[PDB]
Structure formats: C-alpha cells, structure tokens
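Chemist: The following block contains the structure, expressed as structure tokens.
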Amino acid sequence: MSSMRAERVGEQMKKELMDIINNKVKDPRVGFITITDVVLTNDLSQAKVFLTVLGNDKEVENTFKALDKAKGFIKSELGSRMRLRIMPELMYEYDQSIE
C-alpha cells in the first residue's frame, strides 16, 4: 500500500496541508499543528494525515473536530494547489509513534 507515486503525493500534501491548516483553518489561540506524514493508498483515494497537536486530551479532541468540520474547505484549497483532479478522502490521525 505504498507505490512511489503515493509517497511522492504524500510529501506534497504534507507541505500543502500544513500551510492550509495553519494559515487558514486554525484558531490563532492554539499552537502550531504539525503534520508528520501523509500516507495514501495506491489509487490515491484515501489519505491518512498524521498530526502532532499541543494541549490536553480535550484540546487535542477540539482540534480534530475543527479539522473534520473544515474538510470541505481543506479539500478545496488543496485541489486548487495540485493538478490532481479528484481529492483523496482525508482522515486525521494522531501520531501515536511520538510520545
């Protein structure tokens, strides 16, 4: 479940998503939102977006809801930055790997 195409598109989405989310979606009263990786399926139909977010357990959960609420806005801004015709479905995941 990782062709070279999928890895390359994921690096572009990582960069584009971090910009979109931090400069246009995020409440200024919360810290930066770090995207550590974007992992796509080979047909690019799904993207798992791994995240580092700052705060307590409820600030983490408040942040996930804001991003889910903004999914239409985020796919649209992403689609306007990439020749890709149909956007993947975006799934926001906490990055367990990091303590």
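By convention here, the chains of the structure tokens are called A, B, ... in the order presented, each chain's residues are numbered starting at 1, and ligands are numbered starting at 1 in the order presented.
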So which residues touch stretch 68-71 of chain A within 8 Å, counting only C-alpha atoms, skipping near sequence neighbours fewer than 2 positions away, as a list in words?
Modeler: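 In the requested format, the answer is residues 25, 64, 65, 66, 73, 74, 75, 90 and 92 of chain A.
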Chemist: Considering only C-alpha atoms, return as an mmCIF file with N, CA, C and O atoms, in the first residue's frame whatever protein or nucleic-acid residues lie within 6 Å of stretch 1-18 of chain A, sequence-local ones (same chain, fewer than 5 positions apart) excluded.
Modeler:
```
data_model
loop_
_atom_site.group_PDB
_atom_site.id
_atom_site.type_symbol
_atom_site.label_atom_id
_atom_site.label_comp_id
_atom_site.auth_asym_id
_atom_site.auth_seq_id
_atom_site.Cartn_x
_atom_site.Cartn_y
_atom_site.Cartn_z
ATOM 1 N N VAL A 38 1.804 12.143 5.492
ATOM 2 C CA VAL A 38 0.538 11.829 4.836
ATOM 3 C C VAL A 38 0.731 10.522 4.066
ATOM 4 O O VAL A 38 1.600 10.440 3.195
ATOM 5 N N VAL A 39 -0.062 9.503 4.399
ATOM 6 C CA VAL A 39 0.061 8.162 3.820
ATOM 7 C C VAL A 39 -1.170 7.889 2.973
ATOM 8 O O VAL A 39 -2.294 7.883 3.489
ATOM 9 N N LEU A 40 -0.966 7.647 1.686
ATOM 10 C CA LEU A 40 -2.053 7.395 0.753
ATOM 11 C C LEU A 40 -2.040 5.958 0.256
ATOM 12 O O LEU A 40 -0.992 5.307 0.180
ATOM 13 N N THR A 41 -3.224 5.497 -0.130
ATOM 14 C CA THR A 41 -3.356 4.274 -0.896
ATOM 15 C C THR A 41 -2.869 4.503 -2.332
ATOM 16 O O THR A 41 -2.736 5.640 -2.800
ATOM 17 N N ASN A 42 -2.645 3.398 -3.049
ATOM 18 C CA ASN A 42 -2.065 3.476 -4.385
ATOM 19 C C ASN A 42 -3.024 4.105 -5.374
ATOM 20 O O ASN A 42 -2.587 4.730 -6.339
#
```
Chemist: What lies within 7 Å of stretch 45-56 of chain A using only C-alpha atoms, ignoring chain neighbours under 5 positions off, as number ranges by chain?
Modeler: A: 31, 33-40, 88-95
Chemist: Suppose you want the space between atom CA of residue A:30 and atom CA of residue A:87; what is it in Å?
Modeler: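 Distance between the two atoms: 27.2 Å.
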Chemist: Which of chain A counts as strand (DSSP E or B) under DSSP, as a PyMOL selection string please?
Modeler: chain A and resi 34-40+46-52+89-94
